[PDB]
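One chain follows as structure tokens, the form deposited in one PDB entry.
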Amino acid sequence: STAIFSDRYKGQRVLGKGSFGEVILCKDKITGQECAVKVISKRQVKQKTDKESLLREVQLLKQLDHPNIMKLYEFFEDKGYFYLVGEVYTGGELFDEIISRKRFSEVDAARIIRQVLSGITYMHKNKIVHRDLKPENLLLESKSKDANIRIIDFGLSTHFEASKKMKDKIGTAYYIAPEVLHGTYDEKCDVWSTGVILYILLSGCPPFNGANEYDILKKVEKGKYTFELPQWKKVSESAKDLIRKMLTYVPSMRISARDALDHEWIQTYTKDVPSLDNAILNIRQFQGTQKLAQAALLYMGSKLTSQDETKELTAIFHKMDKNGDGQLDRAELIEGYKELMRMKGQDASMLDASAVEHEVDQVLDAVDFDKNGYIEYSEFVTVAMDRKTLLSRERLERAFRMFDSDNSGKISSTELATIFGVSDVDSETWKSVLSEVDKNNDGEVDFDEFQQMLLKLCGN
């Protein structure tokens, strides 16, 4: 009688890893409506509150409505997962659209920040705090150029513990309010994060920066920042005054979301403004660096998952092969692949039996052999996993290219230091690894070299 997610929805495709879980594009089996489902693994994420409190929050968020906040439609739960079913948005992340623009002025910044403050104000009225507000939580509603910003992930932080794994942690330290670090926080922390994002939109650099996560956290905690850089000369006084008010240390003296909406800067500039060319270049650099460290971490992770899943799948099938001749049929292959999912959460794309039948067919319709006869599972295993190895190898490659804006084919030692600082790989550890692959003292690596470093940084 309790509703089953897969009874209602089929998976179309994965949309990536978000905070607390993967997101999958799904479709209602009856009505045909498309949805973006965030699937949270119960094993991998400790809850902060009881079930009663989670349920009550979900019920509230189902009834909330605001143009700058993601719409939530449905909530499911079974033995291992939460399924959070929201509206699909196709505009991508705000910053990925900002990097691909000729001009960007304070008028562009003010319109974006007004949308963010508007969504935030509304949620604070409803006593919902974000805590983790950052640029990848700002999606554009569509590919249209006038598109509304939809803030994602309101509600989650209250109920779920943040990951301390670096794959999940990257990019977060720049944005977290000081009082979150120390444990006594309330809705003002969201003004702080919004202040950091605005600082970044108008200069291209984080106001609190450092060589690794803990050095960023130290800057945040002392709370000092300056507008002394060159690009701050191209910016109105009123913009810096707002930022000062939003990055006020003691939360009770910090400006509220609502009072920020009535600020001179927002009033004036969301109604003869020079472009901010110097900020577009730095944000393009900043985004590129952030995106490649993520891809570096996700690539290392999927290689670790592959090692785990390759050995496990082989063992499962050996048990199944009773006669010991290596011959299993598609139905057994499906049963073996299902069992791998029975004890693993990395394929949130494999939501049910029919997602797995199709995925076996795809592997099978590559290995060439017939799916109505018996099969050599050894072969099947070696192709199934690579459809994540090659798949992930290609996603790293693209971010390497994206990062290499001069198409030089290479990343300097200085740039590696920056990528590995953001990735929290120890300086001595990656230099050590660099030495084992770059024996010419070029002080630069090409893609395959950079890839070899990462395999050596995840025990290969």
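Throughout, rigid core stands for the largest set of C-alpha atoms superposing within 1.5 Å between the two forms. From 1 onward, residues are counted along the sequence shown.
Omission of residue 357 is seen in none of the other entries compared for this protein where the adjacent residues are built, far below a third. Compared with other PDB entries of the same protein, residue 368 is missing from at least a third of those that resolve the residues around it. Deposited sequence between residue 102 and residue 103: no residues lack coordinates (chain continuous).
Relative to one another, 187 to 195 and 209 to 217 have unequal mean CA B-factors, and 209 to 217 is the one with the higher figure. Set 75 to 83 against 162 to 170 and average the Cα temperature factors; 162 to 170 ends up higher. You'll see in the entry that, of 121, 378, 290, 157, the Cα B factor peaks at 378. Across 58, 411, 434, 40, the entry's maximum B-factor at the CA atom is seen for 434. Sort the modelled residues of the chain by CA B factor and residue 374 lands in the highest third. Remark: residue 68 belongs to the lowest third of its chain, ranked by C-alpha B-factor as recorded. Sorting the modelled residues of the chain by their CA temperature factor places residue 445 in the middle third. Compared with the other modelled residues of the chain, the Cα B-factor recorded for residue 21 ranks in the lowest third. In the PDB entry, a CA B factor belonging to the middle third of its chain's modelled residues is recorded for residue 265.
Another form, the form deposited in another entry, is not on view; read the next lines as being about it.
The comparison between the shown form and the other one, aligned on the rigid core, picks out a single residue among 69, 40, 425, 37 whose CA moves by 2 Å or more, and that residue is 425. Core-superposed comparison between the shown form and the other one: CA of residue 369 displaced by 2 Å or more. In a rigid-core overlay of the protein, residue 405 has its C-alpha displaced by at least 2 Å between the shown form and the other one. Positional change of residue 250 between the shown form and the other one stays under 2 Å at the C-alpha, relative to the superposed core. Distance between the C-alpha atoms of residue 287 and residue 452: shorter in the other entry than here (change of 3 Å or more). Three angstroms is the minimum change: in the other entry, the CA atoms of residue 451 and residue 282 sit closer than in this structure, by 3 Å or more.
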